[PDB]
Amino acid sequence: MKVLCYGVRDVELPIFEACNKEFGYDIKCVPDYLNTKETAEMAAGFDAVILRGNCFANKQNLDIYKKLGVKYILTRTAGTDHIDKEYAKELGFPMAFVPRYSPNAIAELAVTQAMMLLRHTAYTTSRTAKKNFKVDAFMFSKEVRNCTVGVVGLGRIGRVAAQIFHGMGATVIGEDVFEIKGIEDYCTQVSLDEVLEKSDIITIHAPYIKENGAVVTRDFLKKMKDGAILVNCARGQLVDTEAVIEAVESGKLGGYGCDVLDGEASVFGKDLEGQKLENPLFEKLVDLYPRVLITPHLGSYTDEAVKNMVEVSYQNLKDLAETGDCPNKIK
């Protein structure tokens, strides 16, 4: 079984190899993502591809895969919007994804951003890096053990974020569209309005539902505590970026941390130092550092998460090859 793996970072190579010990696949890893015709043509000779984010399995590239006789299309991700699933089905491609991997990978990043803001360590160290060791009023901080933390979205990631903040001593509350059972030892489930009213820190872990639109709107922000912290390591489209910028400029938000942005593909992964950013919202967000912190979608960039993503993907391929089916088959 010959498997082409796209978007393979050199740091990921040992994981692809180690996880392959129990599978024996004939793997090839390339750094290229799936975009141009020529990236799709790289799959000549291969039985399966393992895509990741930003690997566009669109009509053009799926037609090329069919012509080339690719049998299985996998993505090592929880997200599948980069694949045109309806067209893939029309062409008969069996596909699989990775709905579940390290929730702590994302949750710890959310927590670390939140603390960098709550305890003003990004602000402080941005200053000391420049030999400014002065102490100012903005630097004065709360303790997270004396805070209420609000989790918006109590899925797998959200629950782990709540557990972690609870373990640091916070009082945690949270909101979800459904009744979330078994969280009572670490989180009280309440209304969104109660989360907004009471939270010193808010972290977003809800799914993006296109018909709902952004969850973090002007009206969401308006109900928050002045000086509260907001963190979005979920999805860019959950927040109205402009509205957040305005809440940071007004002081409604003490700080904003994000690992994702609405339109992030224009900047993430690129070194644009010295350039005017094409999206003026992104230019503003960068200018607001260190009261806005941006990480380029690293929430799943841990050793455990990547191991999980690669190992589930290998298992998914084996399931598909042996049975035509898999627990994570894209529906």
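For every residue, the number given is its place in the sequence shown, counted from 1.
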127 to 135 or 180 to 188, whichever carries the higher mean Cα B-factor: 180 to 188
Higher-scoring stretch by recorded Cα B factor average, 292 to 300 or 31 to 39: 31 to 39
Residue with highest C-alpha B-factor in the PDB entry, from 103, 213, 169, 251: 213
Within-chain third of residue 324 by Cα B-factor, per the entry: lowest
Chain third (lowest, middle, highest) by recorded CA B-factor, residue given as residue 144: lowest
Residue 277 CA temperature factor, ranked by third within the chain: highest
Entry-reported Cα temperature factor of residue 16, expressed as the chain third it lands in: middle
Third of the chain's Cα B-factor distribution that residue 68 belongs to, per the entry: highest
